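Written below as structure tokens is the structure these notes are about.
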Amino acid sequence: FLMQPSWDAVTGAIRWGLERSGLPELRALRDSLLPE
Amino acid sequence: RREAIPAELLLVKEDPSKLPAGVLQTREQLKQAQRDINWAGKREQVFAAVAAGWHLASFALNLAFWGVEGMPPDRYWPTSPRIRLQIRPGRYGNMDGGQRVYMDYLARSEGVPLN
Amino acid sequence: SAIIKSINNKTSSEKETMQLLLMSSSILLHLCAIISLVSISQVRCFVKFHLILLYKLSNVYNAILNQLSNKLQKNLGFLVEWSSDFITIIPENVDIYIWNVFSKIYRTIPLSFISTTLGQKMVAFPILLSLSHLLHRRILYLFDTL
Amino acid sequence: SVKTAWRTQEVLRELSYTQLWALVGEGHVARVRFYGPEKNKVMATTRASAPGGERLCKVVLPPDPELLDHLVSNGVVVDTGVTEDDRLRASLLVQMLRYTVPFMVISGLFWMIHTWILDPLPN
Amino acid sequence: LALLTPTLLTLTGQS
Amino acid sequence: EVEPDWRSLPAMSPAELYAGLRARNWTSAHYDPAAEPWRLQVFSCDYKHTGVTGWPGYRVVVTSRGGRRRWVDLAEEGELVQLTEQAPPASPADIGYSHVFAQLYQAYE
Amino acid sequence: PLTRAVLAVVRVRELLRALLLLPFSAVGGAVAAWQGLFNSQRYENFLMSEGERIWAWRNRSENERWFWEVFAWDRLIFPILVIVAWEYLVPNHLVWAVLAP
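From first to last, the protein sequence lines are chains A, B, C, D, E, F and G.
The opening residue of the first sequence carries number 329 in the entry's author numbering; numbering runs sequentially from there.
The opening residue of the second sequence carries number 23 in the entry's author numbering; numbering runs sequentially from there.
Letter by letter, the third sequence follows residues 1365 to 1375, 1385 to 1449, 1662 to 1704, 1728 to 1754 of the entry's author numbering.
The opening residue of the fourth sequence carries number 362 in the entry's author numbering; numbering runs sequentially from there.
The opening residue of the fifth sequence carries number 342 in the entry's author numbering; numbering runs sequentially from there.
The opening residue of the sixth sequence carries number 165 in the entry's author numbering; numbering runs sequentially from there.
The opening residue of the seventh sequence carries number 153 in the entry's author numbering; numbering runs sequentially from there.
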């Protein structure tokens, strides 16, 4: 990725990053659906 | 309990002198092959590193400037493009309350969050 | 790569001349196309409309978010412009900002060009100096005309 | 003649087809390069012992197929000008071209910021 | 680009 | 076989390789039974699409009696010919892997 | 007896902390020493002498300055280039090679 940077690369990369780190927003879904 | 097998059924028997002319590789040949594998390993990274270090050197040089201290005035290049380009409004398109708008646009960029 | 391979392969320091010629031609083509486009009156109308739209929307966003920001610190019309000429509503400090940023970005072109090209072999030093100065001034003038 | 002239910034001589044929036959041509958009122009360099010493001639080779064996027979070494170094330099240039856009983006950002806050006007 | 066109035109096989 | 270092390796022109393969091709008119055996290794690049320095076409490595090696850069397939073709291309700059593989297919008849 | 050896072994492990942190603090000292040159009185003396040199150099090169800023491209190189370029294109007729130019 350092040799051939692009746009799809960084988008999917921070997508994976949020999937690992803050995709628990997928649980914040239910956390907001309790007060709803 | 265990079972035992001879170790001399699993070690293969070969004959170095019974091989064709140039099948066995000498010392210098194996050293060349090792150097070649190292080069194949580091070639792409070396090249990308150089092609990035060029831009990085240029950016460092531009950073060492840091401002306008050391730069004297110049008359072929004023700081306002309108003076240099001879741009002045005319008669039409002049709204009396357009000046109002003018102000907040200034207030939009002079960063005063009042607006 | 096939492009650069071809111009390297088919046509004493000649390949560098061909490559510089290619890059200059391409950049100039794109810039000439853009300037020729925005040289049409209705396209200026188009860009003016888009500018007032983006200004108003940025104003809305700015008000909202700055207000919520100093709230968290507490925790811890259209026609008057659309029917008037462009320069009377925009201040001059904005264009001075644009110009300062441009100047600061491109003010290191001559030194980079000179260092790149330079490693009867150095009878070309005057030519490279001339080229550096002329190219820097070309960039400045292209900003001016755009 | 060479005794009734002034030395002037040696240039490429010109041979038509057969002077070059006779030269490659007599074993004096040392190297040849092909060029032209139509793959039929040759620059031919002779060797020392030849009559006249080492020089450079320009020849246009009319399409004849028995030329290849003729040159290769007399030890002529046909060449190009694309040795690996210029290919590596071209790939280096392509890499710089790949990098030039994000670096210009980050530089524009840094200078917008430095012009705004880290170095504003004095008043 | 008209100077470079006979050189670049070999990428298609033409003159 | 490991990929050599193509920088420090002597080169040979493709026309020279074409003549040398016509020499050892008994179906040709320019055959002779006195030529020494030749070992050819034809490499195809694989880091073409990942990273710099990739190359098109093929690269041949020739080994001769002395045990010395040279290489040929058969990029640029010169002119398309059939496998059963015996004629130089009327311009010795028109040798690409087409003619070379024609000779390699004809030599094993 | 005990406390001295304890503080000694903590001394050695914070020396370890320092060994795993030597290059960063080293380059920090380097950039600090670099930023130290450009705040002396020597550097302002240098800037002022450079100003004097620029003043003397501006007074002796007015012709060359106007040449390079106003004449070099607009009235010397650009018209040459434009005419040669137009005549390189533009087929060999008279209406195109002479009359429309």
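Positions of the beta carbon are idealized from the N, C-alpha and C atoms, including for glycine.
Query                                                                                                                    : Result
CB contact check: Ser102 (chain B) to chain C, cutoff 9 Å                                                                : yes
Sequence-distant residues of the same chain with beta carbon closer than 7 Å to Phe329 (chain A), five excluded per side : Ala337
Chain-ordered chain B contacts of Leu1696 (chain C) [CB-CB under 7 Å]                                                    : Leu83
Minimum C-alpha distance to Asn84 (chain B) - residue among D:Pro424, D:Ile467, D:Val363, D:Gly414                       : D:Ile467
Residues within the stretch 89-119 of chain B neighbouring chain D, beta-carbon criterion of under 8 Å                   : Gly89
One or two residues paired with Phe207 (chain F) in a DSSP bridge                                                        : F:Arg223
Inter-residue Cα distance where the pair is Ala1366 (chain C) and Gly221 (chain F)                                       : 12 Å
Separation of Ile259 (chain F) from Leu384 (chain D), as counted between CA atoms                                        : 24 Å
Closer than 9 Å to chain C by CB, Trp220 (chain G)                                                                       : yes
Of the listed residues D:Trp367, D:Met457, D:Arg374, nearest to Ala79 (chain B) (C-alpha basis)                          : D:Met457
Nearest candidate by alpha-carbon position, reference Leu268 (chain F), set F:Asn189, F:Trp170, F:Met176, F:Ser208       : F:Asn189
Beta-bridge partners of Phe395 (chain D), as assigned by DSSP                                                            : D:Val403
Where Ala184 (chain G) meets chain C, residues with beta-carbon distance less than 9 Å                                   : Here the premise fails: no neighbours, minimum Cβ distance about 25 Å.
Short Cβ contact (9 Å threshold) for residue 1377 (chain C) with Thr461 (chain D)                                        : For chain C, the structure lists 1375 followed at once by 1385, and that leaves residue 1377 (chain C) out of the model.
For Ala175 (chain F), three-class secondary structure by DSSP                                                            : strand
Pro231 (chain G) to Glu387 (chain D) span [Cα, whole Å]                                                                  : 52 Å
Integer Cβ distance of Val390 (chain D) from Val439 (chain D), believed to fall under 8 Å                                : Contact flag wrong, Cβ pair sits at about 11 Å.
Simplified DSSP assignment, three categories, for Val236 (chain F)                                                       : strand
Opposing strand residues paired with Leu417 (chain D) [DSSP bridges]                                                     : D:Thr406
Presumed contact (8 Å Cβ cut-off) between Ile1681 (chain C) and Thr101 (chain B), rounded CB distance                    : 6 Å
Inter-residue Cα distance where the pair is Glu241 (chain F) and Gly44 (chain B)                                         : 33 Å
9 Å Cβ cutoff, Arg459 (chain D) in contact with chain B                                                                  : yes
Contact list for the stretch 431-465 of chain D against chain C, Cβ threshold 9 Å                                        : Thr441, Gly442, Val443, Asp447, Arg448, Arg450, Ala451, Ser452, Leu454, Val455, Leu458, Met465
CB contact below 9 Å: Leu330 (chain A) versus chain B                                                                    : yes
Cutoff 9 Å: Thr1702 (chain C) Cβ touching any chain E Cβ                                                                 : no
Beta-carbon proximity check, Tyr378 (chain D) vs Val421 (chain D), cutoff 9 Å                                            : yes
Which listed residue (C:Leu1427, C:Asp1752, C:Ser1669) has its alpha carbon closest to that of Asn1685 (chain C)         : C:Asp1752
Proximal residues of chain D, C-beta to C-beta of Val1433 (chain C) below 9 Å                                            : Result: empty, since nearest Cβ-Cβ is about 22 Å, beyond 9 Å.
Integer-rounded CB distance, given that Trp1667 (chain C) should sit under 8 Å from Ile1425 (chain C)                    : 6 Å
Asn1439 (chain C) versus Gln1446 (chain C): straight-line alpha-carbon distance, rounded                                 : 10 Å
Under 8 Å from the C-beta of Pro174 (chain F): neighbouring residues of chain B                                          : Chain B residues near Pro174 (chain F): none, gap ~15 Å exceeds 8 Å.
Min CB distance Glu66 (chain B) to chain F below 9 Å                                                                     : yes
Straight-line Cα distance separating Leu32 (chain B) from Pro168 (chain F)                                               : 35 Å
Local Cβ density within 10 Å of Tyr127 (chain B), reported as buried at 16 or more and exposed below that                : buried
CB of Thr444 (chain D) within 9 Å of CB of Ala198 (chain F), strictly                                                    : no
Length-filtered (4 minimum) alpha helix (DSSP H) runs lying within the stretch 169-213 of chain G                        : 174-189, 193-211
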